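*Asks:* I'd like to ask you about the structure that follows.
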Amino acid sequence: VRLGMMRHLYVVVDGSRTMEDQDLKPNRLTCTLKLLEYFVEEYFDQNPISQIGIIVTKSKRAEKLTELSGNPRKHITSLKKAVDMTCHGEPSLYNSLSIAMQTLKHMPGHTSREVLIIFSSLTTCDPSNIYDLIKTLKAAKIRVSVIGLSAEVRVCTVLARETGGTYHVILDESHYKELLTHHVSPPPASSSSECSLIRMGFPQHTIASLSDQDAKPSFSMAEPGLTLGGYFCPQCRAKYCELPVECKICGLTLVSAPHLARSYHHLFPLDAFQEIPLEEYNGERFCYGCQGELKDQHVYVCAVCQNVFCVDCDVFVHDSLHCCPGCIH
Amino acid sequence: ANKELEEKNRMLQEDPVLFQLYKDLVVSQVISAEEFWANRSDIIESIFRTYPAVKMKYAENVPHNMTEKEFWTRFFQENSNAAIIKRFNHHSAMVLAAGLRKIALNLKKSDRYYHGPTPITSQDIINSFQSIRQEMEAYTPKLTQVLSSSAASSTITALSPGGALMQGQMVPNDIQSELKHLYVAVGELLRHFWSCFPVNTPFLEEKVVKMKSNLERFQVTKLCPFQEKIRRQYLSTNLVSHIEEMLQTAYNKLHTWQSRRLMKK
Amino acid sequence: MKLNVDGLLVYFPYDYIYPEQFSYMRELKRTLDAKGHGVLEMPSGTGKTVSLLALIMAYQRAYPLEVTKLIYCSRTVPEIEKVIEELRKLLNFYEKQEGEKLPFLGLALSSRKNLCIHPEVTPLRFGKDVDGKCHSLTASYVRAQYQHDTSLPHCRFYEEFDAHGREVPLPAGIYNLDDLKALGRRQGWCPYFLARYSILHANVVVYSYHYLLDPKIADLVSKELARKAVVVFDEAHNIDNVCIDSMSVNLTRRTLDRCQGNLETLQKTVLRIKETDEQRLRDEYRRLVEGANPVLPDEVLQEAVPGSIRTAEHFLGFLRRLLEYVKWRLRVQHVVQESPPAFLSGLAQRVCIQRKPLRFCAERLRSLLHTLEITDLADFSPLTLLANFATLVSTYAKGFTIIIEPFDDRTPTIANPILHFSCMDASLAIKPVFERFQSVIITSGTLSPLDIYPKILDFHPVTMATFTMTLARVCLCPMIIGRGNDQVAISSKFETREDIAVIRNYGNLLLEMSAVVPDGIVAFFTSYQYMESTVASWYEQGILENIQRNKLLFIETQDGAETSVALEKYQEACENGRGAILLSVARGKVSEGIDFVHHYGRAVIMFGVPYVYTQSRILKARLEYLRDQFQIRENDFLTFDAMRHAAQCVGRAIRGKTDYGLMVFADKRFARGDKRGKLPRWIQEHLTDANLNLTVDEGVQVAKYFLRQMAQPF
Ligand code: SF4
Ligand SMILES: [Zn+2]
Ligand SMILES: [Zn+2]
Ligand SMILES: [Zn+2]
């Protein structure tokens, strides 16, 4: 299934009073903030070209906590600040969705717009009806996948399925990581969603030519001191401290070669390995992947290389490495 | 109405960065300000929205020889039992009315990724393979073969800053603020200049903006060297050449694309 | 999905059936095979009709001679409309399997008020007014005048229906009330009468109980033609109340005053007739000598002779005398009086009215009323009510009682006394159904134990089967919260009702539950007066305001218009994220009428056991007789009525499609073994002893856990 390589996802978090209640081990608001940091940090680590923007809705008002950006450190910093947030009020889904729609209305067609709403308080007081907004979202091809907390609220139930997103509820804290972790992967592009080519430029890192000859002093582009060398642009010719950052001038995405290669594992997902507990003529006592003795009645194999991988290797290969070690050969 | 005038007053002093740079375009009398903007309690409120009767009473009972505190007093003020049920349903109904305003993927060439963007007889394999096969029949030469005083010492000298493989000034600080102000100045105005440049815009209405922006590039950059001249003629140290690239490269893109336009015609 | 039942092969449209369904069909077939009346309970409101219907369709084809027609009744027309849809879906599936049309006809009857096509009666909504207009249009005089074709509005639909509808019967098809109305318009025939004619040959006929219980109307449409028919009632747990209410007739001072004025109009009408038309209308006297309907059932009904009353002048005085006796006997100021057999003796002695002439008064009134060519019966409807009461008392009083209330409750002094004639046993009015029809299946949900019904209704069931729904996921999660955070008894006892803590506990439970319960929730109180006191106590405290902050709250009132608007707003709240807390009374008409589905009434709350004001004499007479006869303890029936009624309103949350919904009983009484035993099997068996006495906060926590498990998909 073709996926949305570049996606603009908004993590809407409810500043409702119900977040004050502690059903989980820590304060519920802190836990979501603590875990949301993992998603934000992991979200870019598995989709660099994408960009994220967080919104916090409290006291019936939706305030953009952070605009769309490509730097996980900036977003994570806001999460740390938001830990001490008052968290007193009632959320307004219409306000939150409306705020996201305005920013996402002007986004380019190629990108896959998305929204992730962490719903905590089942109540949703809104200035106007949301069903009109729901119709607008579908015409806006925005995928809203709510993640409720302790409630299978009907209003969100139609929202996810009607708008094309997915709805879920937190069975427990451990299950909470699984739910957000699922949204890290680029959701498949549906029939309604379309695709198009996107222009990009690769900023060659440059430093002083020859012992500060014809040097290129500059400070930064969003107390930065003078920098001997920094990333430039094919068109801006502006010194960008770090990548990948959208051209503050061109509006064209700048991204290094490795970042694009980071997302190729999505295109070619590794075929799962059949699990056979018995030895089944496998005369190698040591696992091939890790050269370690198999202390469990479990084995994994490919359909091409036909190698042997223990539970640890198969868990690792399908979790992080996203490729078969031996089958590369 | 004078909507723009009110907006300017709100941003006149509330935010320095926005107004600071806008004036600079007029400090030297570069271009008209028209193109600048053209291109770019709760409790009473709840009762105001909830109860229509209070809204009607407020308009008719607008403060006149009275006090707001007295008005607050008027708020809280078997048949009586039914009133609570009727009020709450009416109150709940009013609140509800208040919030209701009237594809499988496929590919043809996957080998290209494996040898991705990064760019770049037979007997030799046989000859080399056999020779190495007989190499290690003598092993454990560690006593002396691994390193020597001369070989080890040479490595240390190389690792020294003078040696090979080990290659190895914030004097201006007040000027830094001006450059940052200038950097924002260029960025603020380049953004509009580059706003329409990437898109061809084969339309007179959209293309007219390009011509005005294209001409405006000279006007904004006409005054730029004058500010540069003052800073340059201070100590002739820590030359600022990067700021020139954006302007000069903006010129080259302007001149080249403008020239390309003539060829297309 | 054909099912090879032990008795035979039964077609089934839906993909799969739970194990309980297997038991359902075989259990039903057992009674049908035995051709004996029985009673059974099945939890699911939806899918029960098709499973019940599915066997009948197979049974009819297997043994067409055994069963003539199916008479499947439903409580309310809004609910019978959805039933025929299930039958229509089944017929298409069965017809598709066969591949050709089959001799199967299905239709639903109803009152002319609900369905009709005549423009004149369309604007009117009152049922009584509709009959008066229709009766006038279809009156023999109009029909006789229609032959003359004089200048007068004649209802064309009935005129052409007689010439056309009589000759050609509809071969087959399924026609709901909405569909039936359209058919009449295009064919220019009565949706009502056309259905009435179809009853002669209609495999499946469905209509409300009031078309099958009251002898006034049920008997005529339910003639002996159904010698062996599978008559079935649905959700007929409160069958006795509907069955008894058919017999009960209420006479009031306002009604009596209307009768006196109506009688005067009747006297004036006769005077006009005498001077205008005497000979032709006098012929009816010969017809009377030769020899709106009487409420007497088949055997009880008598038509020997009109009696002494034979002329309008004589008969009118007869009503005049009887009206005066009731007028005086009603005006008497005293304690509530009971005199089932003595009232007949008292009336007979006081004003010299023998019962036998008085028995035919109701029938004579209709016969005499017809001779009067009256404009409509709506104006004279109260007079007929007295006539119906007049004949009913003179007919029999063994299982009845005349109750006179000079002073009405809730009023220190009221000048509008009401004379009650409430019955005491439902077997009397339902007796003809059992005898006329070989077997009756009283299918119902939330049914309190079956053994009582044969005691309440004089019948011998073939089987007493209780079914508990079996699903891969445990949809319903019942619980009883008898102890609050204060660990204080929370029983809503009449003496303990005044407790502030008990009132506070309910607000605490609702407030806490409202926090966790998603959009859609309903709370049931015991009575309107108690509900207001609880609401007022919460209103004075901050509990109500906190509840308002948590979710929107709606209360219910006696007037239907307010209830209709409030209920519609409630459904709007659930659709949006606001959610609504609809406070209602268990015995209020809103609870029985409304149905709660997914994201509607998610957590039904039963605040206190539902009990009526024991001071109500009418209930005492009914209660006393059940103790006097059939050997039922006074408390046993009283608890049974509450348990059956408490389960009635709270069992809607599990309508169907395995939509998760929890039921919380806010009273320690339910935890008692006696209450649980009377609880329906499906609700009872799921309920466990561990969660039986959950604390208010403890119950909230488990409810939050329960939602989590149900929230996740399959
Ligand atoms: S005769 Fe038929 S069409 Fe006319 S009012 Fe009666 S039911 Fe309606
Ligand atoms: Zn650029
Ligand atoms: Zn291994
Ligand atoms: Zn492999």
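Ligands are numbered from 1 in the order shown, residues from 1 within each chain, and chains are lettered A, B, ... in the order they appear in the structure tokens.
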Do you have, as a Markdown table, the list of residues of chain B lying at most 7 Å from chain C, each with its nearest atom pair and that distance in Å to one decimal, counting only C-alpha atoms and ordered by chain then number?
*Replies:*
```
| residue | atom | partner | partner_atom | distance |
| --- | --- | --- | --- | --- |
| B:81 | CA | C:532 | CA | 6.8 |
| B:85 | CA | C:555 | CA | 6.3 |
| B:89 | CA | C:554 | CA | 5.6 |
| B:92 | CA | C:552 | CA | 6.4 |
```
*Asks:* Could you pull out the residues sitting within 9 Å of ligand 3, using only C-alpha atoms and all ligand atoms, and write them as a VMD selection string?
*Replies:* chain A and resid 286 to 294 308 to 314
*Asks:* Tell me, in Å to one decimal, how far atom CA of residue C:647 is from atom CA of residue C:71.
*Replies:* 26.0 Å
*Asks:* Determine, counting only C-alpha atoms, which protein, DNA and RNA residues have an atom within 12 Å of an atom of residue B:170; residues of the same chain fewer than 5 positions away are not included. Present the result as a VMD selection string.
*Replies:* (chain A and resid 217 to 219 224 to 228) or (chain B and resid 175 to 176 237 to 238)
*Asks:* What residues of the protein or nucleic acid chains come within 12 Å of ligand 4 when you use only C-alpha atoms and all ligand atoms? Reply as number ranges by chain.
*Replies:* A: 270-274, 288-289, 300-309, 313-314, 317-318, 322-329
*Asks:* Could you pull out all residues of stretch 512-693 of chain C with a DSSP call of alpha helix (DSSP H) and give them as a ChimeraX atom specification?
*Replies:* /C:512-516,528-540,543-550,560-575,589-593,617-628,634-650,673-678,681-686
*Asks:* Taking only residues of chain A that have an atom at most 6 Å from an atom of ligand 2, what is each one's shortest atom pair and its distance in Å to one decimal, using only C-alpha atoms and all ligand atoms, in chain and number order, as a tab-separated table?
*Replies:*
```
residue	atom	partner	partner_atom_place_in_ligand_line	distance
A:233	CA	ligand 2	1 (Zn)	5.0
A:235	CA	ligand 2	1 (Zn)	4.5
A:236	CA	ligand 2	1 (Zn)	3.6
A:247	CA	ligand 2	1 (Zn)	4.3
A:249	CA	ligand 2	1 (Zn)	5.6
A:250	CA	ligand 2	1 (Zn)	4.3
A:252	CA	ligand 2	1 (Zn)	5.9
```
*Asks:* Looking at A:27, A:128, A:181, A:47, which one is nearest to chain B, with distances taken over only C-alpha atoms?
*Replies:*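 For chain B, the nearest of the given residues is A:128.
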*Asks:* Would you mind listing what lies within 9 Å of stretch 213-227 of chain C as a PyMOL selection string, with only C-alpha atoms counted and same-chain residues fewer than 6 positions away left out?
*Replies:* chain C and resi 67-69+196+199-200+242-243+245-247+292-298+429-430+432-433+436-438
*Asks:* Could you report the residues within 10 Å of ligand 1, using only C-alpha atoms and all ligand atoms, as a ChimeraX atom specification?
*Replies:* /C:111-113,115-122,130-139,154-159,161,181,184-185,188-194
*Asks:* Taking only C-alpha atoms into account, what are the residues of chain C at most 7 Å from chain A, put as a list in words?
*Replies:*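 Result: residues 518, 519, 551, 575, 576, 577, 578, 579, 599, 704, 707, 708, 711 and 712 of chain C.
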